[PDB]
Structure formats: structure tokens, C-alpha cells
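Engineer: Structure incoming, see below.
Please treat every number below as a calculation from the coordinates, not as lab data. Reconstructed Cβ throughout: ideal geometry from the backbone, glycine too, with neighbour counts over all protein chains shown.
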Amino acid sequence: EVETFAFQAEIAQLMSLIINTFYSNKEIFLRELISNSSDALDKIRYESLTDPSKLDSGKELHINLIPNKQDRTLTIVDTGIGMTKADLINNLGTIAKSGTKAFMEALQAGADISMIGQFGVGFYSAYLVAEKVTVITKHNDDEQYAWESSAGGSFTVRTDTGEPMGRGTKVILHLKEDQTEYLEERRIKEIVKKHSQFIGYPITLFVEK
Ligand SMILES: CC[C@H](CO)NC(=S)N[C@@H]1C[C@@H]2CC[C@H]1C2
């Protein structure tokens, strides 16, 4: 059972800008998604200090980068707090409306797309390189869900039937045809060293066989 929702008008406007604007510094998407993973890991770690049972769904706190040349997908896995069903459909987009609005006013004032993280909407920079984004997430208080959007003004949410995650978020980027450089090992290493050298959790690059 799949439910289809419409993006909030400001978010759909931002996504259309991100895909259609000519902007060559696309590598900032990985910094934004790693920063998102670091924030999610900070939250579950903070919550576990007063309730250690929140780590029953997994003690390890890490970020995994998994490129797949065959599927042309770059996957970013974290064992953070995860996202509930209300997070995917309503609450996180509601928090993002103001940041989205301010980001586009800035872009009209000559600001750069690379400053998307300062407005707390850095996730949508994934569409700089991805034609479709699939998000598998599991929160301690909810079931495992699958969020997906190829932009165009709509996204889908469904209960995920695949492999159980325990807890965390998996961001699967279905890369555009001309953005396969982010499946290269040495390219991912350069981006992580340049943008994410100060993340307080282990970032592991999965080398393909
Ligand atoms: C980067 C912050 C921004 C705030 O809205 N996005 C987050 S934290 N999550 C989003 C909600 C849906 C599930 C993943 C995306 C789409």
C-alpha cells in the first residue's frame, strides 16, 4: 500500500530550482547528507544518555557510504534516530518551509546554492546529482518506512517490506546519467576529506568488489 503526497509549494519550488539550475559544484550534496546523518546520530546518542534502552535497536553509531556502479546508486546509511511516519509526511517538511523560503530569497539576493545547509534544508541538495531519491528509515517509536520522490511535486510513503534496519536512515540516490563520478572511490574520498573531515562518527566507504 503506497500513499502519494504533494510537496509543500515552497519545497517543490526549491527542488525544481535545484534540478534545473546550472550549478557545477554539485559535490556539496554529500557534505549535506553526511551532516544530516551526523545530526541524527547526535540525537539518538543524546537520548540514550537518559534512556540507554533506546540503543537496544543497535549500539553502533556510524555512517556508511555505499556506491553501486551497476545500479548507479550511491547509498548513505546511518544508525541515527531515524524518522517516524509523521516525520516523512508532515513535521519535517513543516520545519523546512521557513528555511526553504529564506533560502530562495537568499538565492535571489545572489547567494550560492552551497549555503543550503545554513537554512536546514540540505537534504534536497541530493537532487543536484540524483534523478530519484529513496529513503528507508526506522525510528524506535514507529515501523520501517520507505520515502521516495523523483521530484515533480510529489513523493510517496509506504511501509518498507525489505531488510529490517534496526534503527537509522538509508538514503539511496539514483544518480543522473552524467553524475556517475560520485560512484568512484577516489572521488568520494576527496569529498569526505574536503567537506566532512570533522564528523564525530566513523564514516566508512564500502569499496566495490
Ligand atoms: C535537511 C532537512 C530537511 C527538513 O525537512 N529534511 C529532512 S530532515 N528530511 C526530509 C523529510 C522527508 C524525508 C527525508 C527528507 C524528505
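Engineer: When residue 22 is evaluated against the numbered criteria (1) in contact (Cβ under 8 Å) with a residue 60 or more places away in the chain; (2) surrounded by fewer than 21 Cβ atoms within 10 Å (Cβ to Cβ), which criterion, by number, is the only one it fails?
Structural biologist: (1)
Each row is one residue, and each column tells you yes or no for (1) under 17 Å from residue 66 (Cα atoms); (2) buried (at least 22 other Cβ atoms within 10 Å of the Cβ); (3) within 15 Å of the ligand (Cβ to nearest atom); (4) acidic (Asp, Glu).
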residue: 98; (1), (2), (3), (4): no, no, yes, no
residue: 118; (1), (2), (3), (4): no, no, yes, no
residue: 126; (1), (2), (3), (4): yes, yes, yes, no
residue: 157; (1), (2), (3), (4): no, no, yes, no
residue: 162; (1), (2), (3), (4): no, no, no, no
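Engineer: Could you check residue 102 against (1) surrounded by fewer than 19 Cβ atoms within 10 Å (Cβ to Cβ); (2) in contact (Cβ under 8 Å) with a residue 40 or more places away in the chain; (3) small (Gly, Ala, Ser); (4) touching a helix residue (DSSP H, G or I) at 6+ places or on another chain (Cβ under 6 Å) and say which number it fails?
Structural biologist: Here residue 102 clears every test but (2).
Engineer: Give 185, 181 a once-over and let me know the one that is surrounded by fewer than 21 Cβ atoms within 10 Å (Cβ to Cβ) and free of Cβ contacts under 8 Å to residues at least 24 places away in the same chain.
Structural biologist: Values: 185 fails: free of Cβ contacts under 8 Å to residues at least 24 places away in the same chain.
It is 181.
Engineer: Report, by residue number, each residue of the stretch 1-23 that is in contact with a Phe, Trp or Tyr (Cβ under 9 Å, 6 or more places away or on another chain) and within 16 Å of residue 88 (Cβ to Cβ).
Structural biologist: Once the filter is applied, which keeps residues that are in contact with a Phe, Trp or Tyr (Cβ under 9 Å, 6 or more places away or on another chain) and within 16 Å of residue 88 (Cβ to Cβ), the stretch 1-23 yields 4, 5, 6, 7, 11, 15.
Engineer: Something else now. Hey, could you check the stretch 128-155 for residues that are closer than 19 Å to residue 64 by Cβ and away from the ligand (no atom under 11 Å from the Cβ) and say which is surrounded by the fewest Cβ atoms within 10 Å (Cβ to Cβ)?
Structural biologist: Among those that are closer than 19 Å to residue 64 by Cβ and away from the ligand (no atom under 11 Å from the Cβ), it is 144.
Engineer: Mind checking which residues of the stretch 75-96 are within 30 Å of residue 180 (Cβ to Cβ) and either more than 10 Å from the ligand (Cβ to nearest atom) or free of Cβ contacts under 8 Å to residues at least 60 places away in the same chain (or both)?
Structural biologist: Across the stretch 75-96, the qualifying residues are 75, 76, 77, 78, 79, 80, 82, 92.
Engineer: So which residues in the stretch 38-65 are among the β-branched types (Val, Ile, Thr) and either touching an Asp or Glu at 6+ places or on another chain (Cβ under 9 Å) or surrounded by fewer than 14 Cβ atoms within 10 Å (Cβ to Cβ) (or both)? Explain how you work it out, then say what you get.
Structural biologist: Pass one, the stretch 38-65, residues among the β-branched types (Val, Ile, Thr): 44, 50, 63.
Selection gives 50, 63.
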